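Novice: Contents of target-v8.csv (CSV, C-alpha atoms and all ligand atoms) are given next:
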```
chain,number,residue,atom,x,y,z
A,1,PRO,CA,-5.4,2.1,-18.3
A,2,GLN,CA,-2.8,-0.6,-17.2
A,3,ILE,CA,-0.3,0.5,-14.6
A,4,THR,CA,2.9,-1.6,-14.2
A,5,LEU,CA,4.7,-1.7,-10.8
A,6,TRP,CA,8.3,-1.1,-12.0
A,7,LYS,CA,7.9,2.4,-10.3
A,8,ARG,CA,5.5,3.8,-7.7
A,9,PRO,CA,1.9,3.8,-9.2
A,10,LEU,CA,1.6,7.5,-9.0
A,11,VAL,CA,-1.3,9.2,-10.8
A,12,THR,CA,-2.8,12.7,-11.1
A,13,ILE,CA,-5.9,13.3,-8.9
A,14,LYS,CA,-8.2,16.4,-8.5
A,15,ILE,CA,-9.6,17.0,-4.9
A,16,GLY,CA,-11.1,20.3,-3.5
A,17,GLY,CA,-10.3,22.0,-6.8
A,18,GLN,CA,-6.6,21.1,-6.7
A,19,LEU,CA,-4.4,18.7,-8.7
A,20,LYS,CA,-2.0,16.4,-6.8
A,21,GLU,CA,0.0,13.3,-7.3
A,22,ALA,CA,-1.1,10.2,-5.4
A,23,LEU,CA,-0.4,6.5,-5.1
A,24,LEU,CA,-2.9,3.9,-6.1
A,25,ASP,CA,-2.5,1.7,-3.0
A,26,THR,CA,-4.1,-1.7,-2.7
A,27,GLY,CA,-2.6,-2.0,0.7
A,28,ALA,CA,-4.6,1.0,2.1
A,29,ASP,CA,-8.2,0.4,3.3
A,30,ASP,CA,-8.9,4.1,3.1
A,31,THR,CA,-7.5,7.3,1.4
A,32,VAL,CA,-5.0,9.5,3.1
A,33,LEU,CA,-4.0,12.9,1.7
A,34,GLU,CA,-1.4,15.5,2.5
A,35,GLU,CA,-2.4,18.4,4.8
A,36,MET,CA,-5.0,20.6,3.0
A,37,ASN,CA,-7.5,23.1,4.4
A,38,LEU,CA,-10.7,21.5,3.0
A,39,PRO,CA,-14.0,23.1,4.0
A,40,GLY,CA,-16.7,21.4,5.9
A,41,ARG,CA,-17.0,19.2,9.0
A,42,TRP,CA,-14.5,16.6,10.0
A,43,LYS,CA,-13.7,14.2,12.9
A,44,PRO,CA,-10.2,13.5,14.3
A,45,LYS,CA,-8.8,10.0,13.8
A,46,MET,CA,-5.5,8.2,14.4
A,47,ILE,CA,-4.2,5.8,11.7
A,48,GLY,CA,-1.3,3.5,11.8
A,49,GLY,CA,1.3,1.7,9.7
A,50,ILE,CA,5.0,1.1,9.6
A,51,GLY,CA,6.6,3.4,12.2
A,52,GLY,CA,3.4,4.1,14.2
A,53,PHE,CA,0.4,6.4,14.1
A,54,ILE,CA,-0.4,9.9,12.7
A,55,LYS,CA,-3.3,12.1,13.5
A,56,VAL,CA,-5.6,12.9,10.7
A,57,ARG,CA,-8.9,14.7,10.0
A,58,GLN,CA,-11.7,12.5,8.4
A,59,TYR,CA,-13.8,14.2,5.8
A,60,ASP,CA,-16.8,12.4,4.4
A,61,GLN,CA,-18.3,12.4,0.9
A,62,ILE,CA,-15.4,14.2,-0.8
A,63,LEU,CA,-15.2,14.1,-4.6
A,64,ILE,CA,-11.9,13.0,-6.1
A,65,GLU,CA,-11.2,12.5,-9.8
A,66,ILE,CA,-8.5,9.9,-10.5
A,67,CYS,CA,-7.2,9.8,-14.1
A,68,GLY,CA,-10.6,11.1,-15.2
A,69,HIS,CA,-12.5,8.6,-13.1
A,70,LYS,CA,-14.8,10.3,-10.6
A,71,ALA,CA,-15.1,8.9,-7.1
A,72,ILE,CA,-16.7,10.1,-3.9
A,73,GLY,CA,-16.1,9.0,-0.3
A,74,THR,CA,-14.1,9.4,2.8
A,75,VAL,CA,-10.7,11.1,2.8
A,76,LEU,CA,-8.3,11.4,5.8
A,77,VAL,CA,-6.2,14.5,5.8
A,78,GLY,CA,-3.0,14.9,7.8
A,79,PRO,CA,0.8,14.7,7.8
A,80,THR,CA,1.3,11.7,5.5
A,81,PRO,CA,4.5,11.7,3.5
A,82,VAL,CA,2.6,10.7,0.4
A,83,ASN,CA,-0.9,11.0,-1.0
A,84,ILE,CA,-2.5,7.5,-0.8
A,85,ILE,CA,-5.6,6.4,-2.8
A,86,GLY,CA,-7.0,3.5,-0.9
A,87,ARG,CA,-9.5,0.7,-1.6
A,88,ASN,CA,-12.5,2.9,-0.6
A,89,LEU,CA,-11.9,4.9,-3.8
A,90,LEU,CA,-10.1,2.3,-6.0
A,91,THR,CA,-13.2,0.1,-6.0
A,92,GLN,CA,-15.3,3.1,-7.3
A,93,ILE,CA,-13.0,3.6,-10.3
A,94,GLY,CA,-13.1,-0.1,-11.2
A,95,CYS,CA,-9.4,-0.8,-10.2
A,96,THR,CA,-8.3,-4.4,-10.0
A,97,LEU,CA,-5.0,-6.3,-9.4
A,98,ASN,CA,-4.1,-8.7,-12.2
A,99,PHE,CA,-1.3,-11.3,-12.4
B,1,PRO,CA,-6.2,-14.1,-11.4
B,2,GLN,CA,-8.1,-10.8,-11.4
B,3,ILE,CA,-8.4,-9.4,-7.8
B,4,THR,CA,-11.1,-6.9,-7.0
B,5,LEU,CA,-10.6,-4.5,-4.0
B,6,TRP,CA,-13.8,-4.6,-2.1
B,7,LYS,CA,-11.9,-6.6,0.5
B,8,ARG,CA,-8.2,-6.6,1.4
B,9,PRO,CA,-6.1,-8.4,-1.2
B,10,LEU,CA,-4.8,-11.0,1.2
B,11,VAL,CA,-3.1,-14.1,-0.2
B,12,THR,CA,-1.3,-17.1,1.2
B,13,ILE,CA,2.5,-17.0,0.7
B,14,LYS,CA,5.1,-19.8,1.2
B,15,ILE,CA,8.4,-18.7,2.7
B,16,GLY,CA,11.0,-20.7,4.6
B,17,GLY,CA,8.8,-23.7,4.1
B,18,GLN,CA,6.0,-22.1,6.1
B,19,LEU,CA,2.6,-20.8,4.9
B,20,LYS,CA,1.6,-17.2,6.0
B,21,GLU,CA,-1.0,-14.6,5.0
B,22,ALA,CA,0.1,-11.4,3.4
B,23,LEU,CA,-1.3,-8.3,1.8
B,24,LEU,CA,-0.7,-7.4,-1.8
B,25,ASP,CA,0.4,-3.8,-1.4
B,26,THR,CA,1.1,-1.6,-4.4
B,27,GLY,CA,1.9,1.3,-2.1
B,28,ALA,CA,4.9,-0.5,-0.8
B,29,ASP,CA,8.3,-0.4,-2.6
B,30,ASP,CA,9.5,-3.3,-0.4
B,31,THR,CA,8.2,-6.5,1.1
B,32,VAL,CA,8.0,-6.4,4.9
B,33,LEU,CA,7.0,-9.4,7.1
B,34,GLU,CA,6.3,-9.6,10.8
B,35,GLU,CA,9.0,-11.0,13.2
B,36,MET,CA,9.8,-14.6,12.1
B,37,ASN,CA,12.8,-16.9,11.9
B,38,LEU,CA,14.3,-17.1,8.4
B,39,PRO,CA,17.5,-19.0,7.3
B,40,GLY,CA,20.5,-17.2,6.0
B,41,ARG,CA,22.5,-14.0,6.5
B,42,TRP,CA,20.9,-10.6,6.9
B,43,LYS,CA,22.0,-7.0,7.4
B,44,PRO,CA,20.4,-4.3,9.5
B,45,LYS,CA,18.3,-1.8,7.5
B,46,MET,CA,15.9,1.0,8.1
B,47,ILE,CA,12.6,1.6,6.3
B,48,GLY,CA,10.0,4.4,6.6
B,49,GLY,CA,6.3,4.1,6.6
B,50,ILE,CA,3.4,6.4,7.2
B,51,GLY,CA,4.3,6.7,10.9
B,52,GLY,CA,8.1,6.9,10.8
B,53,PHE,CA,11.1,4.7,10.4
B,54,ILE,CA,11.7,1.2,11.9
B,55,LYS,CA,14.7,-1.1,12.1
B,56,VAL,CA,14.4,-4.3,10.0
B,57,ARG,CA,16.4,-7.4,9.1
B,58,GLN,CA,17.2,-7.5,5.4
B,59,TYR,CA,17.3,-10.9,3.8
B,60,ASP,CA,18.4,-10.9,0.1
B,61,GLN,CA,17.6,-13.5,-2.6
B,62,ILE,CA,14.9,-15.3,-0.6
B,63,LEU,CA,12.6,-17.7,-2.3
B,64,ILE,CA,8.9,-16.8,-1.7
B,65,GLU,CA,5.8,-18.3,-3.3
B,66,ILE,CA,2.8,-16.0,-3.7
B,67,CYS,CA,-0.4,-17.8,-4.7
B,68,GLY,CA,1.7,-20.3,-6.5
B,69,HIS,CA,3.8,-17.8,-8.4
B,70,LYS,CA,7.5,-18.0,-7.5
B,71,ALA,CA,9.6,-14.9,-6.6
B,72,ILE,CA,13.2,-14.7,-5.4
B,73,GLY,CA,14.0,-11.4,-3.8
B,74,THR,CA,14.6,-9.2,-0.8
B,75,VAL,CA,12.4,-9.7,2.2
B,76,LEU,CA,12.5,-7.3,5.2
B,77,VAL,CA,11.6,-8.6,8.6
B,78,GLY,CA,10.5,-6.5,11.5
B,79,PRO,CA,7.7,-4.7,13.4
B,80,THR,CA,5.3,-4.1,10.5
B,81,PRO,CA,1.7,-4.1,11.6
B,82,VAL,CA,0.8,-6.4,8.6
B,83,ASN,CA,2.7,-8.8,6.3
B,84,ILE,CA,3.0,-6.8,3.1
B,85,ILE,CA,4.1,-7.9,-0.4
B,86,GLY,CA,5.6,-4.9,-2.1
B,87,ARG,CA,6.5,-4.0,-5.7
B,88,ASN,CA,9.9,-5.7,-5.6
B,89,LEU,CA,8.0,-9.0,-5.6
B,90,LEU,CA,4.7,-8.0,-7.2
B,91,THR,CA,6.7,-7.2,-10.4
B,92,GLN,CA,8.3,-10.6,-10.3
B,93,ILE,CA,4.9,-12.3,-10.4
B,94,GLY,CA,3.6,-10.0,-13.2
B,95,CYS,CA,1.2,-8.0,-11.2
B,96,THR,CA,-0.3,-4.9,-12.8
B,97,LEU,CA,-3.1,-2.4,-11.8
B,98,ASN,CA,-6.0,-2.0,-14.2
B,99,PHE,CA,-9.0,0.3,-14.5
C,101,LIG,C1,10.3,11.2,2.3
C,101,LIG,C2,9.7,10.0,3.0
C,101,LIG,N1,8.9,9.0,2.3
C,101,LIG,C3,8.5,7.9,3.4
C,101,LIG,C4,7.7,6.6,3.2
C,101,LIG,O1,6.4,7.1,2.8
C,101,LIG,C5,5.4,6.2,2.5
C,101,LIG,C6,5.2,5.7,1.1
C,101,LIG,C7,4.0,4.7,0.9
C,101,LIG,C8,3.0,4.4,2.1
C,101,LIG,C9,1.8,3.4,1.8
C,101,LIG,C10,2.1,2.1,2.6
C,101,LIG,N2,3.4,1.6,2.2
C,101,LIG,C11,4.5,1.3,3.1
C,101,LIG,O2,4.5,1.4,4.3
C,101,LIG,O3,5.7,0.7,2.4
C,101,LIG,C12,6.9,0.7,3.1
C,101,LIG,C13,7.5,-0.7,2.7
C,101,LIG,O4,8.0,-0.3,1.2
C,101,LIG,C14,8.5,1.0,1.3
C,101,LIG,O5,8.0,1.8,0.3
C,101,LIG,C15,6.9,2.8,0.9
C,101,LIG,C16,7.2,2.9,2.4
C,101,LIG,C17,7.8,1.7,2.7
C,101,LIG,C18,1.0,1.1,2.4
C,101,LIG,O6,1.0,0.9,1.0
C,101,LIG,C19,-0.3,1.5,3.0
C,101,LIG,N3,-0.2,1.3,4.5
C,101,LIG,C20,-0.8,0.2,5.2
C,101,LIG,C21,0.1,-1.1,5.1
C,101,LIG,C22,1.4,-0.9,5.9
C,101,LIG,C23,-0.7,-2.2,5.8
C,101,LIG,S1,-0.2,2.8,5.3
C,101,LIG,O7,0.4,3.9,4.5
C,101,LIG,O8,0.5,2.6,6.6
C,101,LIG,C24,-1.9,3.2,5.7
C,101,LIG,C25,-2.5,2.9,7.0
C,101,LIG,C26,-3.9,3.2,7.2
C,101,LIG,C27,-4.8,3.7,6.1
C,101,LIG,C28,-6.3,4.0,6.3
C,101,LIG,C29,-6.5,4.4,7.8
C,101,LIG,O9,-6.8,2.8,6.0
C,101,LIG,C30,-4.2,4.0,4.7
C,101,LIG,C31,-2.7,3.7,4.5
C,101,LIG,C32,3.2,5.0,3.4
C,101,LIG,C33,4.4,5.9,3.7
C,101,LIG,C34,9.0,8.4,4.7
C,101,LIG,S2,9.7,9.7,4.5
```
How does this structure look as structure tokens?
Specialist:
Amino acid sequence: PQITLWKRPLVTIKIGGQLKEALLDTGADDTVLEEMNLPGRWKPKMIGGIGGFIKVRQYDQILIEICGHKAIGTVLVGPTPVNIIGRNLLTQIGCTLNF
Amino acid sequence: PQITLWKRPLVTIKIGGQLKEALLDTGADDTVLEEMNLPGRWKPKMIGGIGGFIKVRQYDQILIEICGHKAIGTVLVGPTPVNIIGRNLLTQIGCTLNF
């Protein structure tokens, strides 16, 4: 679809069998999701933005469905205030910026 | 134009008569630039990011050119890791997300 930016570009996603709301975020290289106890192996990472860094757990090859568009790749899990879909997955669903 | 997301959506902006590079950031409500001199009055404000809250200088009704497209709006100046163009200005230039 077409998403205007009057409000936060929040959409419904499906990850690890759960539905959540997440931001389609062109300013994020990678995807960061709220704390969730996903199965499988992970590696610790620290990621930074405004206000400093948070610790996250990096899971590879995770399936996420975004408004019906399936994607698979790296997700970082930790205490983010918001679920963030970054460019690693936006590219996979064919998402572009247009003006 | 149509901007794909395989790379960071960096653009040249014009503000205060000076050219800078900035990130088109749909996950940002607000536009936040790195420490720079800007003319006019400003008020102290706080903003929160992934890592916590920072002190910024809020400049209202500032002229800013984004890839030629003119915007006049609020610009926050402070210790952001990256110059980000947020939705307050992306809406002005007619930016949408599409997939
Ligand atoms: C109840 C509460 N809500 C909050 C605020 O919650 C939010 C809401 C949205 C965001 C998204 C964030 N936007 C943002 O900082 O925007 C601020 C300016 O406008 C306001 O509007 C929202 C906040 C304010 C960017 O879009 C994306 N970022 C990078 C850019 C800075 C370069 S990143 O997230 O740092 C990040 C870093 C690394 C990676 C991987 C490793 O690549 C992925 C993402 C973050 C926190 C606090 S408390």
Novice: Write as a VMD selection string the residues around ligand LIG 101 (chain C), taking 7 Å as the cut-off and counting only C-alpha atoms and all ligand atoms.
Specialist: (chain A and resid 25 to 32 47 to 50 80 to 82 84 86) or (chain B and resid 25 to 32 47 to 50 52 80 to 82 84 86)
Novice: Can you work out the spacing between atom CA of residue B:16 and atom CA of residue B:87 in Å, to one decimal?
Specialist: 20.1 Å
Novice: Please measure the separation of atom CA of residue B:19 and atom CA of residue B:1, giving the value in Å to one decimal.
Specialist: 19.7 Å
Novice: Give me the residues within 10 Å of residue B:4 as an NGL selection string, counting only C-alpha atoms and dropping any in the same chain fewer than 4 places off.
Specialist: (:A and (26 or 87 or 90-91 or 94-98)) or (:B and (8-9))
Novice: Given identical sequences, what C-alpha RMSD separates chain A from chain B after least-squares superposition over all Cα in order?
Specialist: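 With chain A fitted onto chain B, the C-alpha RMSD reads 0.7 Å.
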Novice: Choose the residue, out of B:23, B:75, B:63, B:85, that has the smallest atom-to-atom separation from residue B:43; count only C-alpha atoms.
Specialist: B:75
Novice: So which one's closest to residue B:67, A:14, A:2, A:99, A:33? Using only C-alpha atoms, please.
Specialist: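 The shortest atom-to-atom distance to residue B:67 comes from A:99.
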